[PDB]
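A short write-up of the structure that comes next.
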Ligand SMILES: CCCC[C@@H](CN[C@@H](CCCC)C(=O)N[C@@H](CCC(N)=O)C(=O)N[C@@H](CCCNC(N)=[NH2+])C(N)=O)NC(=O)[C@@H](NC(=O)[C@@H](NC(C)=O)[C@@H](C)O)[C@@H](C)CC
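Numbering (the deposited numbering), first residue to last: 1 to 203.
Below is the structure:
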């Protein structure tokens, strides 16, 4: 399908013979599902996100059907806030990010989808993250008025400053919207701005 980003790109998956809902997440390296039993041997791993690290169980070579497309690969199981399908399995199902219906650049997911953005007169690198509702930029002395906000992910919550109506050029495409500024480990372009540049998921 072609999936636009006005809503969270939630899809049904089948894993271990059971149905679950999960988020297609281009900002995730790996696939992480809520605590469940999986037929297999596993090993302990730690993974990180916007607010810190959690402990997970790594299962390798697990069959997963993702909106009807087959994958067999690594599934991490643990206390994730949201079930997420990450790049390890998105690449298996042929998923790419596309600008303006496929008239624009296609970005494959073999490596993290990092692009150049311009904000506040400054050029920065940021991750195109379909699993992010909002856009979160590293500490930056943005002018203007703002309101406090807390945003959550793996690890919990960080406190950020919410700025509205900030222009943000992404790979040469003009956008303008809400930008959250705080101690993120990676600059993240989320759905609020991805939609403005006509970004879709396709597989
Ligand atoms: C779990 C909640 C949904 C998925 C998540 C994916 N974001 C990426 C951002 C990149 C890191 C800051 C992420 O955590 N990716 C992880 C997923 C875990 C994984 N293993 O794949 C990742 O790739 N982690 C790498 C490490 C990332 C950084 N590495 C590095 N800088 N070298 C990993 N291998 O551990 N989305 C979010 O974290 C966003 N949260 C949300 O969109 C919503 N919040 C919640 C709680 O649902 C909304 C209601 O606020 C944040 C940005 C705020 C808008």
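Heads up, the beta-carbon is just placed ideally off N, CA and C, and yes, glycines get one too.
Next item on the list: Within 10 angstroms of the Cβ of residue 123, are there 16 or more other Cβ atoms? Answer buried if so, exposed if not.
Entry: exposed
Check: What's the C-alpha gap between residue 44 and residue 59?
Finding: 9 Å
Check: Going straight from the alpha carbon of residue 159 to that of residue 63, what length do you get?
Finding: 38 Å
Notebook entry, point to check: Out of 165, 156 and 94, which has the shortest C-alpha to C-alpha gap to residue 175?
Noted result: 165
Next item on the list: Kindly indicate the opening and closing residues of the beta strand (DSSP E) around residue 118.
Entry: 114-119
Item checked: Helix, strand or coil at residue 202 according to DSSP, with G and I counted as helix -> strand
Item checked: Identity of the residue in 26, 27 and 12 nearest residue 20 by Cα -> 12
Next item on the list: Kindly identify the DSSP beta-bridge partner or partners of residue 171.
Entry: Residue 171 is not bridged to any residue.
Check: Can you find a heavy atom of ligand 1 that lies under 7 Å from the Cβ of residue 185?
Finding: yes
Next item on the list: Provide the residue span of the beta strand (DSSP E) that contains residue 244, from first to last.
Entry: Residue coverage of the chain in this structure runs from 1 to 203, which leaves residue 244 outside it and unanswerable.
Margin query: Less than 7 Å separating the Cβ of residue 1 from some heavy atom of ligand 1?
Written below: no
Notebook entry, point to check: beta strand (DSSP E) containing residue 37: first to last residue?
Noted result: Here residue 37 belongs to no beta strand (DSSP E), and DSSP marks it neither H nor E.
Next item on the list: Give the single residue among 14, 83, 139 and 70 whose Cα lies nearest to the Cα of residue 187.
Entry: 139
Check: Is the number of C-beta pairs between the segment 144-151 and the segment 87-103 that are closer than 8 Å three or more?
Finding: no
Notebook entry, point to check: Which first and last residues belong to the alpha helix (DSSP H) in which residue 192 is found?
Noted result: 191-194
Check: Are there three or more Cβ pairs, one per stretch, closer than 8 Å when the segment 71-90 is compared with the segment 22-42?
Finding: yes
Next item on the list: Return the Cβ separation of residue 2 and residue 200 in integer angstroms, given the expectation that the two are a contact with Cβ distance under 8 Å.
Entry: 5 Å
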